[PDB]
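Below is one structure, written out as structure tokens; comments come after it.
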Amino acid sequence: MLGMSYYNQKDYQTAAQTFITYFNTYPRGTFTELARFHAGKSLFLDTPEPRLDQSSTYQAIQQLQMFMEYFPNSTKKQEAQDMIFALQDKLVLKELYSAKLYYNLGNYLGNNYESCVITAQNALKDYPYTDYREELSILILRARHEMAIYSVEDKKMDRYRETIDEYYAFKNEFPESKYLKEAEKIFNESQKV
Amino acid sequence: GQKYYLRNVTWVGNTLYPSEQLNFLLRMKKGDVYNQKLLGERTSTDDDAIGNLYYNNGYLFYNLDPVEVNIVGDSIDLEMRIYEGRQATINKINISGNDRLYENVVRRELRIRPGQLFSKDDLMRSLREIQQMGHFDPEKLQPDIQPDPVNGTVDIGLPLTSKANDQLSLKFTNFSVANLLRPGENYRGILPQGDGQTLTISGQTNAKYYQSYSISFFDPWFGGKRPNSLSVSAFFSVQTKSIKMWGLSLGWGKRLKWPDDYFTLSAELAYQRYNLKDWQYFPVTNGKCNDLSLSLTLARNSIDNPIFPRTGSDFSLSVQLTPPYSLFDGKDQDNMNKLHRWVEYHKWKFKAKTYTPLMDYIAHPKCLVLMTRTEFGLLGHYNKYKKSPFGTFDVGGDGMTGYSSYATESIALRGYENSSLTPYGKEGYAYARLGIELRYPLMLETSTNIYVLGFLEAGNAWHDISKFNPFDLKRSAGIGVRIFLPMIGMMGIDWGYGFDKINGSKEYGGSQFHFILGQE
């Protein structure tokens, strides 16, 4: 048995590989849920900053999901539950930065504001229950109005009504929110047309 | 057992392109030998084939089938059956392998966008930009295209392979000032990396003949919102009675849209001061001199690989003025340390390179290339007598040797000793350098890159600009090799035989060796 020594020295790679290789070669090795869950947190703790490669975070998600079904009896099911939530929020934060980048560049070469709305909508659909739903929704609303401004004169009223639909959808989703003031100026500009 | 006569050809399913144009692009006619590849290679493999003519235009939801009918006697009648789907819109872009570089840095240089229609030229251009950026390996890049026929969209995976660029001197290539002044969440003992910004420091600490300090910083996306860049630098140096030089500069670059979108304009403003007493290798001997210079440079760059380019070109046209104090703006050894409190000149340059493959390429990508160079320069003067003692050209040899001094511009001319064509009292106010090269690489890899070449140079320089003559040159020839190191720049070996004489003497010609370091 070695993994816990590597875990105490914060060498997460060796701790992780000495734990997992032992409970892969025999379903519990001889340390059972302790090795599994130490390996799960060790794999979690190497997590990069939210805009690097993310390779270990998908692996962490699937490893914790498969832990929940190898040992559903464990009290560490909760400790994996909130961990997979934290990982999901980081994965969503990456996509949120992507959508923010497309809003920042804007109507530069290409379009980039239609890209912003579809990127953040993909975020909303791929991870339904994240914290960042408010930020993603307001980013949709801002990008909708931004597209409505610069569109060709034959195709502006439809973008305006899409913007007002997003306004009422944001109110339906969040009857109160800290971002309502800018939303309401967007509404007051678009409801005229 | 097969037939051998092409009796007719036919098309069905097409709407997007005219049937006669596809007859031409299929390169067939009735009354010709029946084959299979003759059709297939021209319909499913080659870059002008019909299938590629649909695929590259974003119509990826397609299929195709050569139908054979009337299989009688010697003949077959043929009909092209194809499927036209809906033009694919990009749904997602996934990028992986970026160990040490935020996605912010790379997604801003992509030419494709989510929500726009797919096209081959945009994807190829995006890969060219990534290759030229240099933070990833220029080889072993290929996109993982995945379509979805139910929603009719495509998502692109970009697997990338990383390499770190760093070399007394230091070449931090992905160093961030925002991460320096305010760490994100944990600096964790690491340098403040990211954002694609670069920082560089260099200097000599010999101090008994040479001493120097220098620093530079470059931000390719200033403000993080547009492709316009900021560049700043500064320097200082002693050399043994001594000579003192220091200065700084600030510059600003911008991508253009007029001829094409490869052109980049650059503007820069610079300051320098020279400090001397009882010094002797310059015409100036005692005093202090200044210069303010404004530079405009127009450049175009279209190559594929920085380290061993194989297609494209690199053109530059530059002009560098300092205000004309001799005219009414400023109006009024014998008196030469006089009147050069402020120095005056206007320097012009043209510089072009041109890389072609000679054996197809793409296939057997090790390839073989022919290069080509053509550099001209002029250091003009507003007034016949107040010619600048600083900024002159120095030519002959490796070129690197001249960076023991910073008041001149050193130009390599291979096969002629060092600084041979421009000795003391004959400083160069105009020059020309031409020359072919044929190159073959031995190895191209992430860590190290190797290639061998034979050249054919020709160059010259003049002390008097009015005697510029680009058809009277000191010819050369030779062979050489170069090495790129995992944690250092180039090192290479060049041998050359100088053919013509210099100033009536053959002493500097003949066999010569040059030892290149860093980068030309």
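Those sequence lines, one after another, are chains A and B.
Everything in the first sequence is counted per the UniProt record's numbering, starting at 72 for the first residue and increasing by one.
Residues 291 to 457, 473 to 545, 590 to 681, 697 to 884 (the UniProt record's numbering) are what the second sequence spells out, left to right.
A virtual CB, placed ideally from N, CA and C, is assigned to each residue, including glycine.
Cβ of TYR392(B) within 7 Å of any chain A Cβ
The beta carbon of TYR392(B) falls within 7 Å of a beta carbon belonging to chain A, placing the residue at that interface.
Which of the three DSSP states is assigned to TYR78(A) in this structure?
DSSP places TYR78(A) in helix when its eight states are reduced to three.
Chain-order list of residues whose beta-carbon lies under 6 Å from that of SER208(A) (same chain, five-residue window excluded)
Taken in chain order, the residues that qualify are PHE241.
Anything in the UniProt domain "POTRA" (378–447) of chain B with a Cβ closer than 7 Å to a Cβ of chain A? List those residues in chain order, please.
Of all residues in the UniProt domain "POTRA" (378–447) of chain B, only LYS382, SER386, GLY387, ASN388, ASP389, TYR392, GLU393, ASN394, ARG397, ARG398, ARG403, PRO404, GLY405 and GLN406 place a beta-carbon less than 7 Å from a beta-carbon of chain A.
DSSP state of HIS216(A), grouped into three classes?
The three-state secondary structure of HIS216(A), taken from DSSP, is helix.
7 Å Cβ cutoff met for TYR793(B) and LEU743(B)
It is a contact, given that the beta carbons lie within the stated cut-off.
Please state the DSSP three-state secondary structure of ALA110(A).
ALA110(A) falls in the helix class under three-state DSSP.
Coarse secondary structure for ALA512(B), derived from DSSP in three states
DSSP places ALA512(B) in the coil class of the three-state scheme, outside both helix and strand.
Would you please verify whether the beta carbon of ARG215(A) is less than 7 Å from any beta carbon of chain B?
For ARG215(A), no CB of chain B lies under 7 Å from its own CB, so it is not counted at the interface with that chain.
According to DSSP, is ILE91(A) helix, strand or coil?
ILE91(A): helix per DSSP, three-state reduction.
Contact defined as beta carbons within less than 8 Å: I believe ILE506(B) pairs with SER474(B). What is the distance between those atoms, to the nearest angstrom?
Distance from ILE506(B) to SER474(B) at the Cβ level is roughly 6 Å; contact confirmed, criterion being Cβ atoms closer than 8 Å.
Following the continuous alpha helix (DSSP H) through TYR184(A), name the residue where it begins and the one where it ends.
184–197 is the span of the alpha helix (DSSP H), which, as asked, contains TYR184(A).
Which residues of the stretch 182–208 of chain A have a Cβ closer than 7 Å to any Cβ of chain B? Give them in chain order.
Answer in chain order: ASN182, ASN183, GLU185, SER186, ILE189, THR190 and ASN193.
If we define contact as Cβ-Cβ less than 7 Å, is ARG122(A) a contact residue for chain B?
So, interface residue.
Please return the same chain residues whose Cβ sits closer than 6 Å to the Cβ of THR718(B), not counting the five positions on each side in sequence.
Same-chain partners within the cutoff: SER662 and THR736.
Count the CB pairs spanning the stretch 420–437 of chain B and the stretch 641–657 of chain B that are closer than 8 Å, and state whether there are at least three.
The answer is yes - the stretch 641–657 of chain B touches the stretch 420–437 of chain B, with three or more Cβ pairs under 8 Å.
Leaving out five residues before and five after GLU358(B) in sequence, what residues of the same chain have Cβ atoms less than 7 Å from its Cβ?
The answer, listed in chain order, is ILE366 and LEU368.
From the DSSP output, in three-state form, read off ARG531(B) for me.
Correct three-state label for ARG531(B): coil.
Hey, how far is the Cα of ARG415(B) from the Cα of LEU605(B)?
Cα to Cα, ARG415(B) sits roughly 16 Å from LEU605(B).
Is there contact here, the stretch 171–185 of chain A with the stretch 145–160 of chain A, by at least three beta-carbon pairs under 8 Å?
The stretch 171–185 of chain A, when compared against the stretch 145–160 of chain A, does not touch it at the 8 Å Cβ threshold.
Return the residue from the list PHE848(B), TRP601(B) and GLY508(B) that minimises the CA-CA distance to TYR770(B).
For the residues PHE848(B), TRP601(B) and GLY508(B), the minimum Cα distance to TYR770(B) belongs to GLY508(B).
Under 8 Å (Cβ pairs) to chain B, residues found in the stretch 143–172 of chain A:
Within the stretch 143–172 of chain A, the qualifying residues are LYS165, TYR168, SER169 and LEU172.
Using alpha carbons as the reference points, say which of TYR861(B), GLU809(B) and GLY856(B) lies closest to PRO428(B).
When only C-alpha atoms are compared, the closest one is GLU809(B).
Give a yes or no on whether 7 Å exceeds the smallest Cβ distance from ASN175(A) to chain B.
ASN175(A) belongs to the set of residues whose beta carbon lies under 7 Å from a beta carbon in chain B.
DSSP on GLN125(A), reduced to helix/strand/coil?
Coil at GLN125(A), not helix or strand.
Among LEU504(B), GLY596(B) and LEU315(B), whose alpha-carbon lies nearest the alpha-carbon of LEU535(B)?
Checked all of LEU504(B), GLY596(B) and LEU315(B); the closest Cα to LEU535(B) is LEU504(B).
Quick one: using the 10 Å Cβ neighbour count with 16 as the cut-off for buried, is residue 906(B) buried or exposed?
Outside the shown range of chain B, which is 291 to 884, sits residue 906(B), and nothing can be said about it.
Taking the Cβ atom as the reference point for each residue, do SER481(B) and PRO497(B) lie within a distance shorter than 7 Å?
Closer than 7 Å, so yes.
Please state the DSSP three-state secondary structure of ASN650(B).
In this structure, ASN650(B) counts as strand in the three-state DSSP scheme.
Which of the three DSSP states, helix, strand or coil, is assigned to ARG297(B)?
In this structure, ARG297(B) counts as strand in the three-state DSSP scheme.
Between the Cα of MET764(B) and the Cα atoms of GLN697(B), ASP678(B) and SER774(B), which residue gives the shortest distance?
The residue from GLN697(B), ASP678(B) and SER774(B) with its alpha-carbon nearest to that of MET764(B) is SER774(B).
DSSP on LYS476(B), reduced to helix/strand/coil?
For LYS476(B), the secondary structure class from DSSP, reduced to helix, strand or coil, is coil.
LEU820(B) and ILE843(B) closer than 7 Å at C-beta:
No.
For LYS530(B), decide whether its Cβ has a neighbour in chain A, counting only Cβ atoms nearer than 7 Å.
The beta carbon of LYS530(B) falls within 7 Å of a beta carbon belonging to chain A, placing the residue at that interface.
Consult DSSP for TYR174(A) and reduce its assignment to one of helix, strand or coil.
Helix, per DSSP.
Within 8 Å, do at least three Cβ pairs link the stretch 383–398 of chain B to the stretch 323–337 of chain B?
With contact defined as three or more Cβ pairs closer than 8 Å, the stretch 323–337 of chain B and the stretch 383–398 of chain B are not in contact.
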